[PDB]
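What follows is a single structure, written as structure tokens, with notes after it.
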Amino acid sequence: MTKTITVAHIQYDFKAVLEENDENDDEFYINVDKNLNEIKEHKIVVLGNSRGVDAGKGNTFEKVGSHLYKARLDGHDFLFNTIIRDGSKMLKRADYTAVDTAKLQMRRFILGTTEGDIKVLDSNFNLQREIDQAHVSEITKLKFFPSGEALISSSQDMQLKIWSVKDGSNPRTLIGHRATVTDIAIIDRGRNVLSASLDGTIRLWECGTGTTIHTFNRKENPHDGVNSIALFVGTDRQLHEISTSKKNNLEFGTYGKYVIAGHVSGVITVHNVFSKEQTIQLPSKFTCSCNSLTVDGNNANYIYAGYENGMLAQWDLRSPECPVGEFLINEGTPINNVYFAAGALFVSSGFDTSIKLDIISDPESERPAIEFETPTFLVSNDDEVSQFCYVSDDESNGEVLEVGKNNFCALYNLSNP
């Protein structure tokens with residue numbers, strides 16, 4: 001707050017340069033953006049004889065893991081995390097705009113395209129089902145229900161659709177949004193879902209009936225479009241019911257739920273899903289759109305919000321008057337997506353930038369703090385991340401899946417040398 005996270009881009013095939021093992025000197029570049037738009041081109045020489053690397057005086061470059069490299073260049077630290085698997089290998093070419101995963105027994109993946117197609121994939125990224133023309137236009141979001149046996153999609157076509165994983169059937173179509181549906185949150189098992197839209201609404205739906213039972217919006221301006229939503233639990237007790245009194249028609253597990261909404265104006269609003277009260281509004285401190293936000297997975301008092309100017313802010317909902325951290329990433333370039341997983345924040349910036357930022361608890365404690373001085377870049381071939389998906393595999397380890405345009409579907413290892 002306000003400190004800037006220095007972005008580096010490594011030559012995508014640099015690993016092949018390092019393990020080439022040629023007799024002669026070779027070289028790869030690391031471009032460091034400095035407003036960004038301009039840059040410093042660092043040349044890392046890969047000495048022949050496999051006798052190592054020369055990063056220049058005062059600089060280092062080194063392998064710290066099978067798929068993890070560390071550079072220090074002009075006093076800035078960078079980590080570079082390389083692909084462990086291309087998931088687009090056996091897939092027909094689409095521009096991916098949405099992803100989710102589920103694993104009850106078998107692990108599965110769903111992907112949504114700019115063309116409106118949904119693909120169901122298995123553990124090995126082999127196509128298991130294609131739902132062609134699932135929507136008229138771009139799938140903006142895809143979620144499995146917790147059963148793993150159903151899914152919900154959202155689209156520019158202003159509808160949401162519930163699909164069966166069994167047969168690709170479409171038992172429900174949720175209509176009523178007046179603009180693009182941008183986001184989805186599932187309440188508990190999903191008898192209720194929430195959808196966000198550029199029409200300014202967050203609609204609470206009951207799925208059995210396929211109707212909207214409540215519409216939330218920004219109290220100051222109901223037409224301020226919603227880019228992102230996140231659901232959190234205010235308190236983790238106690239249903240049926242440790243207090244008086246209820247209840248609300250056609251609501252299932254809404255009690256103690258709050259929904260956070262990032263707006264086109266850049267404000268953020270928080271709604272008690274049960275009471276229907278707007279509890280909080282965070283100011284558009286940066287005078288631009290809040291494109292994406294996400295809740296801290298350890299402490300839901302803390303949220304992370306990415307804005308159209310490249311500001312990443314951390315807010316404490318208890319103290320809504322000012323952010324508790326501000327971090328510029330390629331100022332002037334939009335943050336497209338922020339996503340909390342495995343004690344880290346994943347951040348898509350502009351057309352080319354994907355960063356994993358570690359979150360620690362502050363020593364002078366104890367409140368989560370972004371490790372902004374030591375970003376990790378998920379190395380691609382100048383590919384654009386539309387969305388991240390955390391894959392805890394079988395047994396509490398993890399990988400991150402990125403999907404994007406031009407058939408980008410790439411897996412990254414998160415665990416440590």
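By convention here, the chains of the structure tokens are called A, B, ... in the order presented, each chain's residues are numbered starting at 1, and ligands are numbered starting at 1 in the order presented.
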Would you pick out the contacts of residue 277 in chain A at 12 Å or less, using only C-alpha atoms, so that residues sharing its chain but fewer than 6 positions from it are not included, and give the list as a tab-separated table (two decimals) with C-alpha atoms, in the first residue's frame?
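And here's result.tsv as it stands now:
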chain	number	residue	atom	x	y	z
A	214	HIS	CA	-34.63	-11.71	-4.64
A	215	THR	CA	-32.67	-9.05	-6.50
A	216	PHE	CA	-29.80	-7.27	-4.84
A	217	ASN	CA	-28.03	-4.23	-6.09
A	218	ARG	CA	-25.92	-1.29	-5.01
A	219	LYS	CA	-28.11	0.80	-2.83
A	257	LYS	CA	-24.26	-16.03	3.98
A	258	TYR	CA	-22.94	-12.72	2.62
A	259	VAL	CA	-22.36	-11.80	-1.00
A	269	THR	CA	-20.93	-3.73	-1.92
A	270	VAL	CA	-21.60	-6.45	0.64
A	271	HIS	CA	-25.06	-7.96	1.16
Filtered DSSP result for range 277-322 of chain A, state strand (DSSP E), as a ChimeraX atom specification = /A:278-282,290-295,302-307,311-316
Grab the residues selected above and save them as a PDB file, in the first residue's frame with C-alpha atoms.
ATOM      1  CA  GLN A 278     -26.508  -4.033   2.239  1.00  0.00           C
ATOM      2  CA  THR A 279     -24.072  -4.039   5.109  1.00  0.00           C
ATOM      3  CA  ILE A 280     -21.019  -2.325   3.567  1.00  0.00           C
ATOM      4  CA  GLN A 281     -19.867  -0.249   0.623  1.00  0.00           C
ATOM      5  CA  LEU A 282     -16.143   0.163  -0.097  1.00  0.00           C
ATOM      6  CA  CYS A 290     -13.537  -3.293  -9.975  1.00  0.00           C
ATOM      7  CA  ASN A 291     -13.078  -6.139 -12.425  1.00  0.00           C
ATOM      8  CA  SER A 292     -12.631  -9.109 -10.067  1.00  0.00           C
ATOM      9  CA  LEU A 293     -12.528  -9.800  -6.357  1.00  0.00           C
ATOM     10  CA  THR A 294     -11.982 -12.819  -4.163  1.00  0.00           C
ATOM     11  CA  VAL A 295     -12.204 -13.673  -0.465  1.00  0.00           C
ATOM     12  CA  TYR A 302     -10.155  -9.789   4.038  1.00  0.00           C
ATOM     13  CA  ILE A 303     -10.883  -9.436   0.350  1.00  0.00           C
ATOM     14  CA  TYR A 304      -8.655  -8.861  -2.686  1.00  0.00           C
ATOM     15  CA  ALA A 305      -9.917  -6.677  -5.522  1.00  0.00           C
ATOM     16  CA  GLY A 306      -8.379  -6.006  -8.925  1.00  0.00           C
ATOM     17  CA  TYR A 307      -9.192  -2.800 -10.838  1.00  0.00           C
ATOM     18  CA  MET A 311      -4.505  -1.606  -8.830  1.00  0.00           C
ATOM     19  CA  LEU A 312      -4.678  -4.684  -6.607  1.00  0.00           C
ATOM     20  CA  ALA A 313      -6.197  -3.699  -3.243  1.00  0.00           C
ATOM     21  CA  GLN A 314      -6.681  -5.653  -0.057  1.00  0.00           C
ATOM     22  CA  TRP A 315      -9.672  -4.528   2.014  1.00  0.00           C
ATOM     23  CA  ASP A 316     -10.681  -5.425   5.563  1.00  0.00           C
TER      24      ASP A 316
END
Test item: residues at most 10 Å from range 66-78 of chain A, only C-alpha atoms, excluding those fewer than 3 positions along its chain, as an MDAnalysis selection string = chainID A and resid 5:10 15 30 32 42 44 55:63 81:84 372:379 412:417
Using only C-alpha atoms, determine which residues lie at most 8 Å from residue 340 in chain A, disregarding the query and same-chain residues fewer than 3 positions distant; provide the list as a PyMOL selection string.
-> chain A and resi 294-297+343-346
So how many Å separate CA of residue 402 in chain A and CA of residue 387 in chain A, to one decimal?
->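 Computing it gives 5.9 Å between the two atoms.
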Considering only C-alpha atoms, return as a ChimeraX atom specification whatever protein or nucleic-acid residues lie within 10 Å of residue 384 in chain A, sequence-local ones (same chain, fewer than 6 positions apart) excluded.
-> /A:96,336,348-354,402-406,408
CA of residue 264 in chain A to CA of residue 207 in chain A, straight-line distance in Å |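 That distance, rounded to one decimal, is 27.6 Å.
For residue 121 in chain A, the set of protein, DNA and RNA residues having any atom at most 9 Å away, when counting only C-alpha atoms and skipping those fewer than 5 positions along the same chain, is residues 107, 108, 109, 110, 111, 126, 127, 128, 129 and 130 of chain A.
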Could you work out how far CA of residue 25 in chain A lies from CA of residue 54 in chain A, giving the answer in Å with one decimal?
->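 Here the two named atoms are 10.3 Å from each other.
For the residues A:114, A:243, A:137, A:238, ranking by smallest atom-to-atom distance to residue 180 in chain A using only C-alpha atoms places A:137 first.
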